[PDB]
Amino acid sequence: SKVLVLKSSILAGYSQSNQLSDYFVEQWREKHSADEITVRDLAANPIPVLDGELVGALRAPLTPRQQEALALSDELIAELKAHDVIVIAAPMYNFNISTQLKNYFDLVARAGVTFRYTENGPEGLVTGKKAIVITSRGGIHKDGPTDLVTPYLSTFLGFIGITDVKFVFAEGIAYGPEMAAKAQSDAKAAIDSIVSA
């Protein structure tokens, strides 16, 4: 089986979500040693912003910049469709996801490729996947009205076919050492229950 890990924090080795993604990988390698794991760091190797020129590349001959972004989109969709387990690190910045992750989403969502229209609605074409979202927050938003990230991720992932999503939260990072420790400990325990399922 095949695991894809998508890192999206801008805080590099200080990132809470990267430390937790790295813990997931460690645990996965020990407990499922035959599985191949690919890590894509969307901050280290940024995906361009979706602009008018790029959306044209996805939807006459293309400019160099456009051909290249189509190629990238194809590469990213191919990689997603190639993996069985999708781990998405989704730190919350200003009540949204990171722009790093977003730009990835904007190249992956493509009609007739990752979803298609039917009579009874759109349906996703990325099938058979199990996702895990590792989402870190300075504050505490879980199950509250200020967490749009969680439902947005469920919505966006479901749209492209990924309806089996498990969320791992690391909240209250900003609230001192007991709380930041609690966040790590709680997230790791959640990861452990997933890895040993």
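What we label the rigid core is the largest C-alpha set whose atoms superpose within 1.5 Å from one form to the other. Position 1 is the first residue in the sequence shown; the rest follow in order.
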Higher Cα RMS in 6 other deposited structures of this protein relative to the shown form (core alignment), 153 to 161 or 168 to 176, goes to 168 to 176
Quick note, superposing on core in 6 other deposited structures of this protein and taking C-alpha RMS, the more shifted stretch of 116 to 124 and 82 to 90 is 116 to 124
Third-or-more of other entries without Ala57
no
Per the PDB entry, mean CA B-factor is higher for 149 to 157 or 65 to 73, namely for 65 to 73
For 176 to 184 versus 18 to 26, entry-based mean Cα B-factors point to 176 to 184
Looking only at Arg137, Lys130, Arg40, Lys31, the Cα with the top B-factor belongs to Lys31
Top Cα B-factor in this entry, restricted to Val165, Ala170, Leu50, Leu58, sits on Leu58
Assert third(CA B-factor, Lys102) within chain per record equals lowest
Of the three thirds of Cα B-factor ranks in this chain, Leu6 occupies the lowest
Here the Cα B-factor of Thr114, set against its chain, lands in the third termed middle
For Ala197, the third of its chain by CA B-factor is the highest
Entry-reported C-alpha B-factor of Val126 relative to its chain, by third, is highest
